[PDB]
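Before anything else, here's the structure in question.
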Amino acid sequence: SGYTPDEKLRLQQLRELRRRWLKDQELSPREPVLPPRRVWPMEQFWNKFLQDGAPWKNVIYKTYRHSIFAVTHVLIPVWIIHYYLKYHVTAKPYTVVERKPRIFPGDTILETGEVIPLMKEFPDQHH
Amino acid sequence: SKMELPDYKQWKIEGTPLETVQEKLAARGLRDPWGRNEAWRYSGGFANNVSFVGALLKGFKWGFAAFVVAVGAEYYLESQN
Amino acid sequence: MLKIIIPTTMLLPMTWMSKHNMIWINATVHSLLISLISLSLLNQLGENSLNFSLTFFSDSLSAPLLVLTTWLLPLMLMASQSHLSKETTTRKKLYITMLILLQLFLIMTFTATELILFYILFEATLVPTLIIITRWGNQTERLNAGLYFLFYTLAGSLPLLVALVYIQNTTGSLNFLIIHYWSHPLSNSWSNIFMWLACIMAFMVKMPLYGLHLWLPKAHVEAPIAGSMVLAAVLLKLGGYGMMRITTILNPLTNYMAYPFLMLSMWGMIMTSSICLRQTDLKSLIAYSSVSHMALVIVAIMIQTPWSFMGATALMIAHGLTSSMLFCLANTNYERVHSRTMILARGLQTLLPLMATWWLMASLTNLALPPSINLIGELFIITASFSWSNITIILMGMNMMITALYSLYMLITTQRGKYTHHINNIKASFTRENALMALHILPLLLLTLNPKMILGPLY
Amino acid sequence: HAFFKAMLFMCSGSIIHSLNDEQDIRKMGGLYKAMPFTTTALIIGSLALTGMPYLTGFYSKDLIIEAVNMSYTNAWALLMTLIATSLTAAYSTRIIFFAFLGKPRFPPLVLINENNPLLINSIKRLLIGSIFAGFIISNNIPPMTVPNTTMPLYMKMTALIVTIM
Amino acid sequence: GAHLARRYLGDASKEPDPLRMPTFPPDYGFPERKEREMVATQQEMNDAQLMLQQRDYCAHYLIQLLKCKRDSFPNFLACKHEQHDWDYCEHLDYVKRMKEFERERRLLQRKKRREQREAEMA
Amino acid sequence: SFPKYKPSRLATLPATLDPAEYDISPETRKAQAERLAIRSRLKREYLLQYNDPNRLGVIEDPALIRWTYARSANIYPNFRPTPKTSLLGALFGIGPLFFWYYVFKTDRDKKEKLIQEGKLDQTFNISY
Amino acid sequence: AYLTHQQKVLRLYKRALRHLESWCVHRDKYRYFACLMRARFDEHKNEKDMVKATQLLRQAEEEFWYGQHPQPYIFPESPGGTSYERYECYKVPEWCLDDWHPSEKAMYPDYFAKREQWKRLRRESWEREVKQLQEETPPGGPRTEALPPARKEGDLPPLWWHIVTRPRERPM
Amino acid sequence: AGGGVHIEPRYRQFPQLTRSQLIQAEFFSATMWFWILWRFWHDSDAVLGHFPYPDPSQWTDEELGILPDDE
Amino acid sequence: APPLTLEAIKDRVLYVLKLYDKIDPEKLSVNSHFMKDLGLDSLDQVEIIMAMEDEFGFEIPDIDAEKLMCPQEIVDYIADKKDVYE
């Protein structure tokens, strides 16, 4: 109504306990100690190419990130799935099927060389 | 930092729309003592909010300038051709 | 088949004389090699069933189930030594012996050639399961469970025996090959109607059909985990397999008496699913879900359509795997809490992330998320039923809906919430159970990749 | 539908993020000058969603409206189209009146912030998308439906004045 | 909605019902007309596989437009004069359609005349 | 006034408009006090078990097993085949039975009298 | 405990004016109407008959419930908002940290050490606090839901550990 | 924490706004404006119709073709 | 936001209550009971408690709305509820 001293004594006793527990929740300088780990020499070279602080070196560090991205993420697919298509998938009937392109009058077909015959005059309307 | 709040004596119900709230409610026989809690909303840079047509209008001046210079350029090119 | 029978039989002396510590390791590993040997049995000729001998033969229906049992046998061994750690060595060895005898009887059942031998081993699976359910059970109505299970099975089994011996006297032989090649049309005589009922009702009791399905919510819920998974995963498939064998000499009569039971399943799969929704225990929910899936398999069987048979077989395999995994997960949670109400321990997704996953795709496969073999097996039956009768779809369409509800409901109410504060015995996930759910899950997606194997003899 | 809706969606996410995760409209206001980038993103999201001419947004809806006007349809069928465009404009201006316009209605602690490269980059990608992608696709793709030529003018412009009323 | 009002609210037979109209032969009433010519040919018609909806009397301008546009890349702003031509030719055929509509409409007025003017004999 | 929301099956009377909390009586407040007393006891010993450092496993809850046993065990022993019970059994368990059988059989025979008379589509139905 | 009339009108004022905030939306409207409703409340505090005062409360609650907002505002973290129970998926019970593997324990060493001394606090406090709640228990069954204090010095107040070691407001 | 992060809390005051983000906001608004006015001038015929609607009552009876109304 | 602190949230509450006209600048104190030290009524205490509810973002529980009176205990409940510990 009501924060009675009987209930107060509980409340700030629980306060000092809760606060000290929260100080304990705070970590320490050694926290978090991380067990020793091996580091490959290539990323040693790359972090030394990152430490110098030069603009061009940071730019080419990230473009080599992008380059390894290209080779191992967007180049090996056009490797493998093209290997799969042109020699395995396309080698079997009807696996790959393409509609005949829209061939308009006055268009030359590569194989036959004939130009599709032209059509009669347009009504020559004008607005 | 310590997060130094500004002095209270500049967050005044005066200079805010709450005046039409206060005296009107004073006419009703009461008084508004919580008004200047919101005084910062009606004061400072937050004041004089733009209208609806003004809200949609943002960037129309430079757009009109680009319009007129672009049509001048295309008038020049078609005159030359 | 003695390249699989003889090693299974000789597996008994190994456990029965192994040391106090080597029984589990030896049984697990050698059962794994047995499963590896039975993996060969997936080698199937185009249309001719592989007839190893006069008394043993296999085709594209018996072989997947046999591989399922043989691959399963290590799984009970891995799931049992948790609740079997504090036992005498002789008692543990006998538990293992019950499991091996069960697997052996299932192998002879699936590879049997004469219908009478099939009946002998099919029913003979009761005894080891009875011992497992009764002696090693932990709950109260386990003693009642054994009585209910045995009597429900036998009440159908004996009329089947009378019908089989009558067929032997009349037709000439109970051999599958003879009764199929020398099959004769069945007249619509009422004595023939009762013969069909005798030949059908035993398997439909073990199916189970709606109504006379009370032995599962009172048997699987009570059995030790190993017994529970061997029951739900394969012993339910016994009735379906037997029906697939027996409908060869049960036509064209079936259709006229297909009307009562079919819808009995079709309607029943709804109620069981609804019963799943308002459950209190995990194991009972899984049991009722098993009843509904097996009822769908019943419908597939009585349609007698090629597509229905293929979808049926796929559903049997997928349901066996999923039900075994779900029971194992329920046992893990129950043992961690020593209770089975699905409200006592909720919000354990955070505490056990790998259990959270295992439950997630266990539910997904139970919910039949495509293109899992569960979904394709269900959908083939749905298409066959729609071809047989259109309206079925809405009932079918209801089922997974309600299924989906409970298929996620327990996951919402056991891991997707807030943990209970007063409980603290939930320890770090012992990698035994996580690995066990792995050996449950990876074969499921592997068979999903190539479902032509579990597709049955109609493929 | 992807462009302007995703736009005002992550703009809404931005305003929620700035105001210590506060969502209900009655608890922010006067954020027009407080943040001009998200304000521009919001009113341009409406500027595409409501489909004023010559921007990605309209490159469907006007024709859409034309499609329902010049066709064999039902009275309610087109009535809900026009009235729903009007309703859409209603809360389109309602939300800008709440959040950025009006007087501040957010808690006293002023943490409205936009200074993040990811946020600005992500919104500006869709900004250019919602300003020219509709033009790109519309002028590019071959005509897959015979365009409706000369027709009574009263149902051509109907879509715009219902939005504005 | 004018003719719609005159048909629904007023006389249904007064306005052309959208399905059957014209209910009178084109040669009858209208001075002897001529079967609308085909600039486009069937072989060219399916050579570009135009959709059946865009397979009208007017499709010659569209096939020429696609002939230019397929040869006009990346310039998507070009071929404006030919699409304007197709728009005007669609407008011409739409004028033909409303001419059929008003032909049915006015011949329906004439039909009403023939009916009740002759019926006044009673 | 705007007439009061009559309580629904899925929404009870609002706690704001409860007459009992308004026209209170000494016995009403007494009946509301000793519930607080027993609830205080129930929170107390729960806290003692819950704050016991050596508490391991689960604090077994009698009420939970009471619910489970009531909804799992007592249902049949307490069941008496009253006329209402048998009526509900007939209406639910076996009621929709004839309904589904009738509709399915009607479709089956109606279609059957369409194949053998040739009045159905069979051109591309070689899979069933 | 029991809901006295002053409590039933304090809750009434809270609900009515928060719903009025949801209604009027704008802050100046809210201020004007809130002062007006404050007057409308305090004008007739002098209802001598408690039955008559409860009847006026009947009318007030009736009209407020008829006119309460169809979408009253609730802040997110508070019960009913968008952030309500949204952080439960992050908080983990404290006893889980007795489960961490010795590698996991040593990788956070001194926090485990201070958990060890807090655990020692819990052990040394359990018997003291149970006898403390025993000596001041309401004779023959607890009477009120209140919680007994640490009247003496150094005793951890009875039933303290879970409140003290409660998952923080923002575990993250 | 964020000790001295770029954005500074301002108790009940207008917060700081680096002129960059306002100038790009006006950049974007001016661009969408200029875009719609330029395309308005270039292609107004798209939005007001290339050809007006041919009202039918004004049509005569010759091109409309119906036989003499006094037949 | 940076970790809220006892004296910072104390500063916010003192500004918003000294801000009240009924609480003139002079009778503001760290021990300022709303009934006796400052003369406000229960209705007034609920007004100021709900103004707090609005300007802090958090929502007071009804068990605390009718009973949180002195700014010491007021800022104390704030410290406990939002884990304000420093």
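Labels for the chains are A, B, C, D, E, F, G, H and I, by order of writing; each one numbers its residues from 1.
Keep this in mind: a residue touches a chain if its C-beta (ideal position, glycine included) is under 8 Å from a C-beta of that chain, and two chains touch if they have at least 3 such contacts.
Chemist: Could you run down the chains that neighbour subunit C and subunit F together?
Modeler: Chains in contact with subunit C as well as subunit F: G.
Chemist: For this structure, which two chains share the highest number of contact pairs?
Modeler: Per chain pair, the contact count peaks at D-H.
Chemist: So which chain is the furthest away from subunit H, centre to centre on CA atoms?
Modeler: In terms of C-alpha centroids, the chain at the greatest distance from subunit H is C.
Chemist: How many angstrom lie between the CA centroids of subunit C and subunit D, rounded to a whole number?
Modeler: For subunit C versus subunit D, the centre distance works out to 56 Å.
Chemist: With chain centres taken as the means of their Cα atoms, state the distance from subunit A to subunit E in Å.
Modeler: Here subunit A and subunit E have centroids separated by 53 Å.
Chemist: Just give me the whole-number Å value for how far the CA centre of subunit A lies from that of subunit F.
Modeler: Those two chain centres are 49 Å apart.
Chemist: Using mean CA coordinates as chain centres, what's the gap between subunit D and subunit H in Å?
Modeler: 12
Chemist: For subunit C, jot down the residues that touch at least 2 other chains.
Modeler: Within subunit C, the residues that touch at least two other chains are 421, 424.
Chemist: Would you pick out the residues of subunit G that each touch at least 2 other chains?
Modeler: 21, 27-28, 34, 38, 74-75, 146, 160, 162, 168
Chemist: By residue number and range, which residues of subunit A touch two or more other chains?
Modeler: 18, 22, 127
Chemist: Per the contact definition, I'd like the list of subunit F residues that touch subunit G in the complex.
Modeler: 1-2, 4-5, 14, 16-17, 21-24, 29, 32-33, 36-41, 43-44, 47-48, 50-53
Chemist: For the complex, which residues does subunit A have touching subunit G?
Modeler: Residue list for subunit A touching subunit G: 6-7, 9-10, 13-14, 17-18, 21-22, 24-25, 27-28, 30-35.
Chemist: So in the complex, the part of subunit D that touches subunit E is made up of which residues?
Modeler: 72, 136, 139-140, 142-147, 149-151
Chemist: Give every residue of subunit I touching subunit H within the complex, in rising order.
Modeler: 1-3, 12
Chemist: Considering the complex alone, what residue numbers of subunit G touch subunit D?
Modeler: Going through subunit G, the ones touching subunit D are 21-22, 25-28, 73-76, 81-83.
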